[PDB]
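What follows is a single chain, given as structure tokens, in the form deposited in one PDB entry.
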């Protein structure tokens, strides 16, 4: 932290001074990303009452939030574009609520800003965070400058992005301007809840792609305040990607190594698994196979000159949902969060550790708990000890299975893209698309039952129909080595209501089959919905009692209903903005189903 701003290049300096004149902070501090700066931030936050130390651990801390500020606020998150159709398709003609993004006119946006930001930082320091999304020397990296009046945001941004000398050295006119305030100018007129400043009634999270800008007011929480997280890495980046010939996606990236030493990378989009345990940190249950994590949330991907789709993880840390995390379910996540981690809204134990539903850390008898609301808590309370959206924020380099190339500036070559869903019947364990357009249709048809095309529903940066068009056009690149496209479902239930598939490390068996399909192996049989493994070409050895036929249902009634639902979904939500190729894939599926 320094009051000297001389190191900022002219455009970044102009942005900072604009924000200073608007917000009227007490002082202005440039962030340098150093260990000493982190200690200073922590000291101030503890003195402020925001952070509680967690002396059970090495350098871990706990924040609690006002209960009104605990998650992204979708209804207050908007895309600002001169033309509404650049942002979103027509509103559902039958009157249903829009589900593919919210639009705000420039006029309305500017008026909203003028009600909120003038003087909003009175009495507070403004912090300047120059940051890189991706290794700063990557040709795929993009830079930002975030100004904020929240030290909690600064600490978390330092974990989640690259903040440091390397960033300032590269900064020029081309960066995303990110303006953030918690919206609680001093002096306060009433006490805070849990020392957590916010202005819930006036929260606004706005994206203005034509101005390379994000503006966020009133929330200190996660996706609303850590402007790299979602606002930049998905919403602004997706529109940049459409304009510049790349892809910005809500996908984990993993490396899979076969027993005999070949390595392939895969990306996967899962809805409602955002922040949760996934494939990316999996300990495989097939001997000899290895899995490494490149990223577990965002993938930025671009074809190289050889036609290979290269991906980077544009983040530097994990911002994961805490409840359900345990040594049993995710030992790699547990290792990651054991030190130098900031926890938000988890329980606090009498021995100086943390608590959430599912945690299996051994504790001595008589250890007691305080909930995220700061109240005594015991098992059986109607309310959970940790808020369901409570978080850890930890550096990625602490994850024991990080891929050697996880921060390689060149990116990793992607050979498969996997879409995920959670369905108790009908949708098989794994299916491969017949080709690119068919695969784009599969991604468009994802569910979470809510539809969540490409796991991007809350995160589109521009018209979702044009996003689908952009995916289709991407497949036309000459000499592209297009990844194969798959859809998976870990969650089928048997004629007794329990899971057919054991999941967890056994999911490596599905990745192994995918791996073979990448290599061109003749290990599939055709069905109305795509290729599936031949019985015996999915490794079920060591899984006695697992019934292949219940993993690969082919139910005509299910698919007839699925097509009816998709037809209604596309009609209402995309209308004429749906690409013809997607409708053609639905029509194709309908006809194959008719004959089945």
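Positions refer to the first chain, counted from 1. Rigid core (definition): largest C-alpha set, two forms, superposition within 1.5 Å.
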Check the entry and tell me how many residues of the deposited sequence have no coordinates between residue 340 and residue 341: none, 1 to 3, 4 to 9, or 10 or more.
-> none
Do the C-alpha atoms of 504-512 or of 69-77 have the higher average B factor in the entry?
-> 504-512
Would you determine, from the values in the PDB entry, which of 159-167 and 198-206 has the greater average C-alpha temperature factor?
-> 159-167
Which of these, 180, 264, 517, 470, has its C-alpha atom at the highest B-factor, as the entry lists it?
-> 517
Quick one: which of 280, 226, 121, 396 has the biggest Cα B-factor according to the entry?
-> 280
Taking the C-alpha B-factors as the PDB entry records them, is residue 217 in the lowest, middle or highest third of its chain?
-> lowest
Chain thirds by Cα B factor, record data; residue 412 belongs to the middle
Going by the recorded CA B-factors, say which third of the chain residue 295 sits in, lowest, middle or highest.
-> middle
Should residue 131 be placed in the lowest, middle or highest third of its chain by the C-alpha B factor in the entry?
-> lowest
Chain-relative C-alpha B factor for residue 495 (record values, thirds): the highest
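Separately, the form deposited in another entry exists; it is not shown, and the next lines address it.
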Where among 339, 202, 493, 328 does the Cα move by 2 Å or more between this form and the one not shown after the core is superposed?
-> 493
Rigid core fit then residue 58 CA moved by 2 Å or more between this form and the one not shown = no
Superposing on the rigid core, do we see a C-alpha displacement of 2 Å or more at residue 504 between this form and the one not shown?
-> yes
Look at residue 537 and decide if its Cα position differs by 2 Å or more between this form and the one not shown after superposing on the rigid core.
-> yes
Work out whether the Cα atoms of residue 276 and residue 55 come closer together or move farther apart in the other form than they are in this form, the change being 3 angstroms or more.
-> farther
Cα-Cα shift for residue 348 and residue 276, closer or farther in the other form, minimum 3 Å = farther
